[PDB]
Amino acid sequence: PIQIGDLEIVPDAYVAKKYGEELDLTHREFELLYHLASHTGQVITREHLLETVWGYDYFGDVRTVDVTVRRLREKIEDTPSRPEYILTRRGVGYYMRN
């Protein structure tokens, strides 16, 4: 389990909580969230997130990652337009705050 600010990720139960309340994430949104929080503040490229979270039938289409991050941000960020949990590293990828 991972606790970051007001966010808690429970891998064994596939649940994410914000202010202690279970969030309504798709399986893919949870796996993205968990994958990001599992690298713990290291930057992950879009291609890397595709290969691990989506898989082979998704090789070229990095835009799926950006679309899913935006949807995840709307669900977990206090201010989705100024995110604090899921962070962008310009031109390389995404990472979870330390």
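Numbering starts at 1 and follows the sequence shown.
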Of 48 to 56 and 31 to 39, the one with larger mean CA B-factor: 48 to 56
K18, C-alpha B-factor rank within chain (lowest, middle or highest third): lowest
For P83, the third of its chain into which the C-alpha B factor falls: lowest
Within-chain third of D24 by Cα B-factor, per the entry: middle
